[PDB]
Amino acid sequence: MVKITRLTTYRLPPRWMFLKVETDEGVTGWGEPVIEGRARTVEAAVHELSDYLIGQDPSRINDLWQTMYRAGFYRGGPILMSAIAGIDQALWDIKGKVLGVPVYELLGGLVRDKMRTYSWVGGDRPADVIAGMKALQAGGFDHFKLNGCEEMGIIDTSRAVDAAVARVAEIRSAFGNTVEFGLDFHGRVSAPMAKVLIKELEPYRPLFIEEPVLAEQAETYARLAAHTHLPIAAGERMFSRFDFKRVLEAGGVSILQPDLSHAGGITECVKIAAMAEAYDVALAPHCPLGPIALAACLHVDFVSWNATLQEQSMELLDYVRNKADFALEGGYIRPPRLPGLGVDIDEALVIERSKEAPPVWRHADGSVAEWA
Amino acid sequence: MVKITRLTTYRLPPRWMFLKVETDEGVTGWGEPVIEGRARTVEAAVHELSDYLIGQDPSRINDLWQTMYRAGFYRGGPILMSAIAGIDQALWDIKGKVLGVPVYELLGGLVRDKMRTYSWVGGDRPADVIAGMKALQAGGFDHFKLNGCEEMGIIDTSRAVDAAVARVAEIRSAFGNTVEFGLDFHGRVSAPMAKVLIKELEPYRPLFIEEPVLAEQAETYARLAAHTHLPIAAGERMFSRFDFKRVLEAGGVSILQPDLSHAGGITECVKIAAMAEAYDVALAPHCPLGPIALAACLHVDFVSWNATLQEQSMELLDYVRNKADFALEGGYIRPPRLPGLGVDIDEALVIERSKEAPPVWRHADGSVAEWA
Amino acid sequence: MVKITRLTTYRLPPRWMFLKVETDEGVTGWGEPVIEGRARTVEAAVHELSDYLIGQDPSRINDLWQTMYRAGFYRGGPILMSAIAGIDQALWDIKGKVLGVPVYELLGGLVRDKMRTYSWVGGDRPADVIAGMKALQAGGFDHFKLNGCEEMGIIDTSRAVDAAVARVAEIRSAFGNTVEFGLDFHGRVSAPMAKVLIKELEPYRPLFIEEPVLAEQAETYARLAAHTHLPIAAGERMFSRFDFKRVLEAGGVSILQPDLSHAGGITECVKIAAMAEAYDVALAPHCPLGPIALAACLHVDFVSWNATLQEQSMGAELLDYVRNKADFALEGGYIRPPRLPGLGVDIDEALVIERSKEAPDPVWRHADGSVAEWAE
Amino acid sequence: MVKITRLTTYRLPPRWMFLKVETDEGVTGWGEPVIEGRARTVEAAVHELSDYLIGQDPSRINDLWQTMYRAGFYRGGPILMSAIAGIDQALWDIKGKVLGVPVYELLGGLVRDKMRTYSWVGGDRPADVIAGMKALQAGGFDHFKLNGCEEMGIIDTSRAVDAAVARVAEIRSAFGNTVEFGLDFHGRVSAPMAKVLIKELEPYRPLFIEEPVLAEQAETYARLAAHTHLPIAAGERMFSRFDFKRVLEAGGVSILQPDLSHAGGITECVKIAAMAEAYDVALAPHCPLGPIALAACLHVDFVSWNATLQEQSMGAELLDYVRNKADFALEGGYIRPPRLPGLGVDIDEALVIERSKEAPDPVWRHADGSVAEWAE
Ligand SMILES: [Cl-]
Ligand SMILES: [Cl-]
Ligand SMILES: [Cl-]
Ligand SMILES: [Cl-]
């Protein structure tokens, strides 16, 4: 019997955390929880959950998942589900290594041969965004994600709607319909301005509108979608099937974006994907993170018929020894090749950059602004 | 033990009424109920409710609020809730004075440092409105409220839609998107004309449409909002949480406008604000009244994270000795400073102008027109 | 061109208010708003609304109603609708005297020849209630209203449910199915106890359960009604068609009980009755009041096919202010249509003026000191 | 310009955590988050949130609450809301000490003069529970909370339903309707058995059925409630207004039980209470905790008209950390409002520091080896 022996967390110099699960057989799994902003809390959670893992057979991923989720506390929100997601990724990494195959082979094998990706593109001017997109267009990309919000702060006025719309107008003029781009507001649109903004963006036909407002109610997406032809994307801030069911039942979300490093890992994200397919909703997993999280996302994409686009942030390949496995041709990525998640982690590099490891936005009136 | 000793009402030369609550400790509270149009009835109500106050400890605002609301009669509509609102304001004024702090400090302290205001601007011609707005624009204002209705009487025809739309068109041409304005119909739009009027106003992007029709059903706002990108504002004619729940559940209202001097005062308006936040609806309290009502509104604004805009009618400062506390920089007002509501009332002036204290609109067919 | 010249209000001994509308042709109308508890505020409302009346032709009741309701203010509410109701009753009194017929003849004439009435019966113990019911039974009454609970105190425990049921059981045992009684709870049951109380009352078959809890939500009655076979009655705390439509849409109420003296008078209550008929809801107008409000109720009952039972407070003090006492006599618990022109009450005005000069003028709390919701 | 200077956490014997917020003016606030089971994670959350507090004026409780809730992260959840709750309690403790009054005086003052409490009673067999209830009954208590099931094991068979009912029947037989008891099932009933269990418990009239199953759907409670007259209680597993609104919209819950130590503290629970009042839902705050959480609960109860019953864990260990023990004395099961400024607890800080140095630190499975959902 294989047994889990130790878990180790590593805080890393951007805003990442890796975890390492060791077994008595010398088979080691890697995981990547979301820390962004609550790193000490997530780390503590990982180590508290470690109590259910040490001494246990990591082959029983379902048992361990259920144990962490329901057995010793209330059902998790953003902290606990991130800790679970990280552990789950590592467990799947182990199982694939033990059985000598990529994770997707365990989960029923390939449903596709390659996966379409898209890249976030930044820039201060609209000129800076155009330039970034053109350089990636030379590298075969034709699908992008842009921040929808130009200015620092929320879209609150007709002036602020027009500035964001004009920025998009300039970006679209440089390409016409030769490229596709999604627009990500990070919830930084006021509820009153949401519908006019969405209507004004319609001539420039973005691929989706991601998180226009922050959903207080499940009805809000359905109500927004009724007014527009533009597809709405959401899922980043939802952590389990129980959260996603609410959103799917109301409708109004065209593209679901669960985060593998937040929504309870591979075990739960495969279930979210299958659930979504039954509502005719496409899957586009949220991945602004590192290579381990991206590998996890790819395994879900390669077994789920409804997966359409995979976000990637290509940095992440620093800690990966097998960089070519994640190379992109025409915006497409291939299935991971090595056993487990398919990431050969440079553990020595991880240890060194973890040894040297170290804000609030407000509106004009002094009131706190919701996190981006 | 502090005890309430006397209540006194004062009818004042515009269309205001102040009330004064005296205690045996010499700490005096001020309140401002809505009388507009039924002044003798509201005054009688205040004095009947006085029976629950005389001899009682004013520290127990919650007890007194509940006693006035439910204990001796049916639950209040427009008359009783106004009388309660006036008394409640005075009770809070007392508590703040007793404890030596502004009311917002009692209610959990500041959630913001300053509060954005907007001003009603009148004028017979569209030239007269432009001129009024430009003078306030020199005084730092960029947010306004205009009457939507030009002509005397209701918007009933295509001709009357076009005239109101052309007036707004001329106002917007003078500023472009440099100013924001809301449009207040006082319910003076016929149900059949509401949707065409709202569609015709869309190019001129007002900040909100306030009270377009008078809501017979709770469904009417939801149905209107489905057709437009423009935010709908409502709340003036609703008097308790029980009235507001109905409107919030249906949705369709973007901006809630309870009146502090109608909707049961600070005690109830803080609850309406919190309720609204749970539906992702912004608060913009209705205040076309005097300084006491405005101070009450500010205390709610300064503790409620969802408050966005505060109407003010700057006259009101005549009866206030501490005028600078309500001064406006860039459209922003500061938190009240003095204990209680933060209004030092010129009681001598109130007494004198109360000593010298003194219509029906019809349609063309002779039928009575609903009140504006 | 007849004009209203004056309105005068009178406060009277059984906490009633009468109102008198005079015209320049010498034709006088009487009305009765409900005051229970806010007498000075309702009285002030009546005189404020009088501004819309003095100088106007009282024949335009529809115009005057609409003017009082929507012209100078926000609509509705318990104060304004009670002021409006009393004024509307007097205007109808005038119109009938002018045209020389009872009010029902104006509103399309008789739909029935007599109207079943029923009375409240009180008593400290079940024996006292039984005796009062039997005394009324010897007069031909077989329909009754009783308080659901002994007296003050909210039903919030199993002990309290059980005592309330035991009382009802005892009263039912004395009669079997030979009488009908409705049970008025005055909203004095906590929401957690509502369903068990209703369930435990089922074997004793009350004709209706009236206001078991206070209607916070639109769905409250509908939810209660899905649990029981017992008819739910409500409406005494609703003051306009717009309030009643919500209740009727949701369902849950089998018997609507608008108050003619609270819900905007005859003009509004005939529209409430017609609305109710469309949802197959019976009309049993609320009337624990004086002879003017009762006459107004009768006129609605005599034109509304869905009217089923009329409450009256007669079970002698009601008749004190009326000279035409025989027009309100009861035979087998049935009342005849009013006979004289207008509302059909010959008001002893000199007795009114007399008892008005000598009229003078509480809060209940739980054990923990918190206020209890108002009951009477 | 007062500033927060330091936050310190203390883990204590009955698996409680106390938290202490210090300021530069020497005014100290105490708070009590709930830790049961994830102590290290909640403790880490408190110190992470401390970054938003150190250097700031504690008078801006609304600003600090909103900053902790929405500024640096995704909202909510059982960990963060518990950290926030404990911090919010201490800030309120500070504000009250600064202004020299109990917290309830700040939030609009008393709505009641005393608050009905009730205690959990345990026991291996029904005889043991009866005895414990009788021992408390001699102290004036007539309201109780009992475990719905003997102990661990899910009620998933007719045999298990029958044993649970037989226990309740025996306990009820000893008292008749002379006492009230609520039944806490801790979600330990399978969904297939939920309705029969509730139906079979009906004759013995529990005051409420608390958390019979785990709320998967919004409609779960509403569906259960349509089947029974028994009141359903829930809310201990909900952590914000946004969670509670869903339950209240759907209906099904008669008694809302937010935890002051889990649902974002005083600031949030007063808003939860006000939300509940609008749906006519009673407030019975969850509090199996220490004296700081209890005091926080009391302040909400004393300003919220809809508050009905306050749980306490007193039925001596609670009072161990408090020097002002008399302020929490019970008479007829009623507690008085807290007397001292702030939360009204005089914390034996030296006793706290002492017992904190000596604090040290399971998973249940079905017969088939699968994990059982967490219960306590
Ligand atoms: Cl969590
Ligand atoms: Cl009223
Ligand atoms: Cl009213
Ligand atoms: Cl959390």
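Here, residue numbers run from 1 along each chain following its sequence as written; these need not agree with the numbering used in the entry, and residues that have no coordinates do not appear. Chains and ligands are labelled by the order in which they are written, letters from A for the one and numbers from 1 for the other. Remark: the chains included constitute part of a larger assembly, and values are reported for the included chains only. As a rule here, side-chain values cover all heavy atoms of the structure and leave hydrogens and water aside. Residues with missing side-chain atoms are left out of burial classes, side-chain pairs and their counts.

S.K.: How should the overall build of chain A be read in this particular structure?
M.R.: Secondary structure follows DSSP: runs of H or I at least 4 residues long count as helices, runs of E at least 2 residues long count as strands, and numbering of each begins at the N terminus. When helices and strands are tallied, chain A shows twelve helices and 13 strands. Based on C-alpha atoms, the radius of gyration is set beside the globule rule, defined as 2.2 Å times the residue count to the power 0.38. Taking 21 Å as the expected radius of gyration for a compact globule of 372 residues, we find that chain A reaches 21 Å, a close match to that expectation. Seen through its C-alpha atoms, chain A measures out along the principal axes to roughly 65 × 45 × 45 Å.

S.K.: Sorry, what's going on with the UniProt feature "active site" in chain A here?
M.R.: Residue and element names in this part refer to chain A. The feature "active site", as annotated in UniProt, sits at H186 and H286 in this numbering. With the annotated positions falling across 101 residues, the maximum pairwise C-alpha distance of 13.0 Å places them together in a single cluster. Mapped onto the elements of the fold, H186 is located in the loop between β6 (180-184) and α7 (191-201). Contacts are assigned to residue pairs that have any heavy atoms within 4.5 Å of one another. In contact with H186, other than residues within four places in its own chain, are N147, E211, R237, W371 and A372. For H186, the side chain forms a polar contact with the side chain of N147, separated by 3.2 Å. Judged by its relative accessible area of 7%, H286 falls in the buried class. UniProt positions are given in the numbering used here, feature names are shortened, and annotations may be inferred rather than shown by experiment. Polar contacts here mean pairs of N or O atoms no more than 3.5 Å apart (in protein, one a potential hydrogen donor and the other a potential acceptor; neighbouring residues in sequence count only if both atoms are side-chain atoms). For every residue, the accessible area obtained with a 1.4 Å probe (protein chains only) is divided by the maximum for its type, and the residue is called buried under 20%, exposed over 50%, and partly exposed between those limits.

S.K.: What is the right way to look at the UniProt feature "binding site: Mg(2+)" in chain A in this model?
M.R.: All names here are of chain A. When the UniProt feature table is mapped onto this chain numbering, "binding site: Mg(2+)" sits at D184, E210 and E236. Across 53 residues in sequence, these annotated residues keep their C-alpha atoms within 11.3 Å of one another, forming a single compact spot. If you trace the backbone, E210 turns up in strand β7 (residues 209-210). Residue placement: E236 occurs in the loop between β8 (232-234) and α9 (241-250). Taking relative accessible area as the criterion, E236 reaches 10% and is therefore assigned buried.

S.K.: Hey, could you run me through the UniProt feature "binding site: Mg(2+)" in chain C in this one?
M.R.: As recorded in UniProt, the feature "binding site: Mg(2+)" lies at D184(C), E210(C) and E236(C). As for its placement among the helices and strands, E210(C) is situated in strand β7 (residues 209-210). Overall, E210(C) belongs to the buried group, its relative accessible area being 0%. Ignoring any residue separated from it by four or fewer positions in sequence, one finds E210(C) in contact with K145(C), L183(C), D184(C), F185(C), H186(C), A233(C), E236(C), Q257(C) and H286(C). Following the sequence through the fold, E236(C) ends up in the loop between β8 (232-234) and α9 (241-250). Take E236(C): its relative accessible area is 6%, and that puts it in the buried class. For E236(C), the contacting residues outside a window of four places in its chain are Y74(B), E210(C), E211(C), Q257(C), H262(C), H286(C) and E376(C).

S.K.: Before we go on, may I ask you to explain the domain arrangement of chain C in this structure?
M.R.: Where interface size is given, it is often the accessible area lost as the parts come together that is meant. All names here are of chain C. In this document the domain limits rely on a domain assignment from an automatic tool or a database. Its domain assignment divides chain C into domain 1 (1-102 + 340-376) and domain 2 (103-339). Of note, the centres of domain 1 and domain 2, computed from C-alpha atoms alone, are 23 Å apart. Of the residues lining the interface, 51 residues belong to domain 1; the matching set on domain 2 comes to 46 residues. Those elements that place two or more of their residues in the side of domain 1 that touches domain 2 are β2 (16-23), β3 (29-31), α2 (61-70), α3 (78-99) and α12 (349-357). Looking at which element gives the most residues to the side of domain 1 that touches domain 2, the answer is α3, with twelve residues. Under this grouping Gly is polar, as are all residues other than the nonpolar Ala, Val, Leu, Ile, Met, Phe, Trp, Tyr, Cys and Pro and the charged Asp, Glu, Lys and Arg. Of the residues contributing to the side of domain 1 that touches domain 2, the split by class is 30 nonpolar, ten polar and eleven charged.

S.K.: Can you walk me through the interface of chain D and chain A in this structure?
M.R.: Taken together, the 45 residues of chain D in the interface contact 43 residues of chain A. With seven residues, helix α1 (residues 39-49) of chain D is the single largest residue contributor to the side of chain D that touches chain A. Looking at the side of chain D that touches chain A residue by residue, the classes come out as 20 nonpolar, nine polar and 16 charged.

S.K.: Would you mind showing me how to read the interface of chain B and chain D here?
M.R.: Each side of the interface is counted separately: chain B has 32 residues, and chain D has 32 residues. When two components associate, each loses some accessible surface as probed by a 1.4 Å sphere; the sum of these losses over both components is called the buried area. For the pair chain B and chain D, the summed buried surface comes to about 2900 Å²; carbon and sulfur atoms form 52% of the total. Each reported salt bridge corresponds to a side-chain nitrogen of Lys or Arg within 4 Å of a carboxyl oxygen of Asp or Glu. For the pair chain B and chain D, the number of links is eight salt bridges. Between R60(D) and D113(B) there is a salt bridge, and its shortest N-O distance comes to 2.8 Å. Inspection of the chain B/chain D interface yields 22 residue pairs in polar contact. Elements with a minimum of two residues in the side of chain B that touches chain D: α2 (61-70), α3 (78-98), α4 (103-106), α9 (241-250) and α10 (265-277) of chain B. Looking at the side of chain B that touches chain D element by element, the count peaks at five residues for α2(B). Counted by class, the side of chain B that touches chain D contains 15 nonpolar, five polar and twelve charged residues.

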